[PDB]
Amino acid sequence: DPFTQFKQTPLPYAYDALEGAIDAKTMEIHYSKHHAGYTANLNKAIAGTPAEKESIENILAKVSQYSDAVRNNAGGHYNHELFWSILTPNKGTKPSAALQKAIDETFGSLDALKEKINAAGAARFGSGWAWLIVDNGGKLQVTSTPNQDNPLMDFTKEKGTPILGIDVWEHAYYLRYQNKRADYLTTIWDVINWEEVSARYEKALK
Amino acid sequence: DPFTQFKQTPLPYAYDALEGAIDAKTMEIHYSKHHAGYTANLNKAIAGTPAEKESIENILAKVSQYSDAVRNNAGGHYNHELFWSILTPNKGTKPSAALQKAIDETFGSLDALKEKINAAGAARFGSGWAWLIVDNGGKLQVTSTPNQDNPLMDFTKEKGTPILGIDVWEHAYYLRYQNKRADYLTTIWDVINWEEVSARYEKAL
Ligand SMILES: [Mn+2]
Ligand SMILES: [Mn+2]
């Protein structure tokens with residue numbers, strides 16, 4: 001149906017393509033149940049409301065004005081859209097020169113960045129997301145948020161444009177890693193698409 | 001070590017005893033990793049604070065005076081201690097006469113209560129718990145809380161003494177049910193120990 005406000009973008013890889021880090025059954029459920037549900041519920045939640053014709057970024061920027069259903073499902077849809085795009089089965093991607101320079105000046109190295117994101121992910125009590133954002137000053141920052149909240153929401157303490165997000169809801173890792181979220185976080189770097197993160201960085205700075 | 005402030009109560013059944021609703025792997029991890037972690041981190045978080053020799057209920061009742069680590073781990077420890085106690089492998093328990101009468105007068109029937117708890121559990125976005133509590137009015141109430149918060153915590157709006165809690169963190173159900181939290185909630189009734197719920201009701205009154 002071309003007239004629904006929001007649609008899930010198909011994955012640019014197979015469900016089993018990320019098996020170095022994420023099991024195929026999790027990819028399938030995470031995409032076809034969890035994310036699909038957020039998108040469907042988003043469309044329902046904004047229908048007949050002032051949010052109905054707003055872009056996802058604009059919904060999020062005013063999310064405190066809308067229902068919890070809008071907030072939770074707008075977050076969910078946005079976060080997952082971004083998540084799938086920053087994963088890849090193509091090994092050895094790396095940050096663009098511009099991004100790498102910013103990473104090194106801000107964190108020291110790519111390993112130091114990964115350590116900071118891993119720590120943020122591990123410290124998120126309950127469900128949530130770890131983020132690398134470009135803040136409103138153009139500077140990189142690592143944050144985490146609860147549930148499906150994200151750095152574009154007016155509610156959020158550390159605001160910025162996300163360029164990388166890692167889902168630390170238990171559904172994202174429990175089938176393969178159970179309670180070992182840290183092992184999930186260590187391993188997911190194997191499938192991060194730094195080309196997409198770098199594109200998001202370039203667009204954020206504009 | 002007998003001197004630790006909080007200990008996990010041994011499980012009163014085997015890890016595979018609840019397979020009518022909860023897989024053995026989940027029980028083992030849930031108990032020996034998630035709950036054990038809360039208990040250990042609680043003991044650490046209270047060390048050298050005014051909470052150090054307080055009862056768990058008294059920590060919860062004043063929880064906002066303490067760190068977030070105390071809140072999260074006191075809630076974690078409390079909630080799981082209660083949770084294990086209200087599960088059983090023995091089919092066919094039922095509320096006491098007193099609890100059954102109260103349930104019927106307040107919700108209509110046991111089925112109506114289960115429906116209300118199932119709905120509360122399903123509606124809890126993210127991690128958390130569904131509860132049946134006794135409010136200070138003696139009245140039964142169904143609520144939910146986020147994360148490891150619970151109805152004994154000082155800041156909680158819907159306060160009361162929990163007599164039944166059902167964990168809806170994904171770790172409680174993902175290995176067996178994956179996204180199907182509603183199926184977990186429907187099925188868990190088969191292992192609820194209404195004799196313990198009823199003993200908790202008696203104590204709460
Ligand atoms: Mn997710
Ligand atoms: Mn739990």
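Here is the naming used below: chain letters follow the sequence lines, and residue numbers restart at 1 for every chain. In listed order, ligands and their atoms are each counted from 1.
- Protein N/O/S atoms closer than 2.8 Å to the Mn ion (ligand 1): A/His30 NE2, A/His80 NE2, A/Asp167 OD2, A/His171 NE2.
- Side-chain contact, B/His171 with B/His30: a donor N or O sits under 3.5 Å from an acceptor N or O.
- Take A/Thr4 and apply the side chain to side chain donor-acceptor pair (under 3.5 Å) test, not counting sequence neighbours, and it matches A/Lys7.
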*Apply salt bridge (charged side-chain N to carboxylate O under 4.0 Å, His left out) to the pair B/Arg176 and B/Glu19, showing each step before the final yes or no.*
CA-CA 10 Å; B/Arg176 178 145 164 166; B/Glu19 285 271 6; 3.0 Å; yes
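- Judged by a 6.0 Å distance limit and a 45° cone about the ring axis, A/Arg71 is not positioned over the six-membered ring of A/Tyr66.
- Residues that satisfy the side-chain contact (heavy atoms from CB on, under 4.5 Å) test with B/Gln100, not counting sequence neighbours, are B/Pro95, B/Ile103, B/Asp104, B/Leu110.
- Partners of B/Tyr173 under the ring-ring contact (aromatic ring centres under 6.0 Å, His included) rule, at least two apart in sequence or in another chain, are B/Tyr184.
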